[PDB]
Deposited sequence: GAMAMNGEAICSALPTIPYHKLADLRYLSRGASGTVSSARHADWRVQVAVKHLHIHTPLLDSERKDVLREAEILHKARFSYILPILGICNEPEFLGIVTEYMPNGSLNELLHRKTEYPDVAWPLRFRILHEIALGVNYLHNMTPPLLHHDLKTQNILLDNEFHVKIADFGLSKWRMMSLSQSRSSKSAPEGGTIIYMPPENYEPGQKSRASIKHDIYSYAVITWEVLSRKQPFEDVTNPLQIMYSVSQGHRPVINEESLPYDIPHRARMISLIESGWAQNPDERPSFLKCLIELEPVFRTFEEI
């Protein structure tokens, strides 16, 4: 049993802690590791409140998942900082933010060239396919453009394993826009959540649009999706000059199909799309 231990990073080795992002459940900060001399990201529980023991278990579980799931397109975990009053997952620092920022910050990024977009889509599928091929399979359950991070040369690192589950009545978690309709309510199709999210991501990458942008109430989105409505496919959302437009639309519509049986495995998706990805030059 060849084993790799996740390093424990003592608190005094984290220098220059700076707020990057605060959320509901925790905070992401940048830091430098004083000994390794690299920039890191630290995803930690709130510094304000005392540390709840159930919150501690959630962080340890996420850290273990990241550690086990390591692969070319998955955010590398560097260690865990586990202290009486501080608990943080230490990962590689991603200099180029998230796919969300790339797609929707149109002043910062006026042009996002097709080969880059297709490489991003290919790398996401490779990352998730890897997760689904683990024993037991790891299901991400929160794939979205905000959780696809971009390294120094805009290669994909899938992040945020907070809702992930090993496949071994309540529905799984997720973000509503990227969630298939069968996951909305209590009461086998669990494995087809990630591909649905990927289809919405693909639509979002090729359009540079917010899915369901005109729909102001998320409950209306949920009602419409449960009736089979999806982000709009027309000349306006998806211009005619998108490379391999017909094949990509066909794949999207299978990926987000109402019937989960009509959605491909990620392996199937890769087999179907490899000829498309291959047409692009380095």
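Peer 1: Which bits of the deposited sequence have no atoms placed for their C-alpha?
Peer 2: No C-alpha coordinates exist for 1 to 8, 177 to 186, 206 to 208, 304.
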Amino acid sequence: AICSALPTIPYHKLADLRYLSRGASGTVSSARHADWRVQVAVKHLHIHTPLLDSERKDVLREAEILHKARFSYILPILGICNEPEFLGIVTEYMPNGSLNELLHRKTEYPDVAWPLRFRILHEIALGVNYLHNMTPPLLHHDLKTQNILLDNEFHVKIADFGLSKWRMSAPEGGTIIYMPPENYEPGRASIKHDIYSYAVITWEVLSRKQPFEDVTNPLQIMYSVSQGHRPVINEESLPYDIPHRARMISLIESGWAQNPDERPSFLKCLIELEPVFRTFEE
From here on, numbers count along this sequence of modelled residues.
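Peer 1: Using the B-factors recorded in the PDB entry, average over the C-alpha atoms of 32 to 40 and of 216 to 224, then report which stretch comes out higher.
Peer 2: Here the higher of the two C-alpha B-factor means belongs to 216 to 224.
Peer 1: Between 206 to 214 and 69 to 77, which has the larger average Cα B-factor in the PDB entry?
Peer 2: Result of the comparison: 206 to 214.
Peer 1: I'd like to know which of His141, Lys144, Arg188, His155 has the highest C-alpha temperature factor in the PDB entry.
Peer 2: Out of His141, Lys144, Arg188, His155, the record gives the largest C-alpha B-factor to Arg188.
Peer 1: Whose CA atom has the top B-factor in the entry, of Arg22, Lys268, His12, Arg263?
Peer 2: Each of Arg22, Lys268, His12, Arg263 was compared by C-alpha B-factor; the highest is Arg22.
Peer 1: Sorting the chain's modelled residues by C-alpha B-factor, tell me whether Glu64 ends up in the lowest, middle or highest third.
Peer 2: Middle third of the chain for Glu64's C-alpha B-factor.
Peer 1: Per the entry's values, where does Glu92 land by CA temperature factor relative to the rest of its chain, in the lowest, middle or highest third?
Peer 2: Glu92: CA B-factor falls in the middle third of its chain.
Peer 1: Using the temperature factors of the C-alpha atoms in this entry, rank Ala170 within its chain: lowest, middle or highest third.
Peer 2: CA B-factor rank for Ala170: highest third.
Peer 1: Which third of the chain does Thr107 land in by C-alpha B-factor: lowest, middle or highest?
Peer 2: It falls in the top third of the chain.
Peer 1: If you rank every modelled residue in this chain by C-alpha B factor, which third holds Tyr130: lowest, middle or highest?
Peer 2: For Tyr130, whose C-alpha B-factor we compare with every modelled residue in the chain, the answer is the lowest third.
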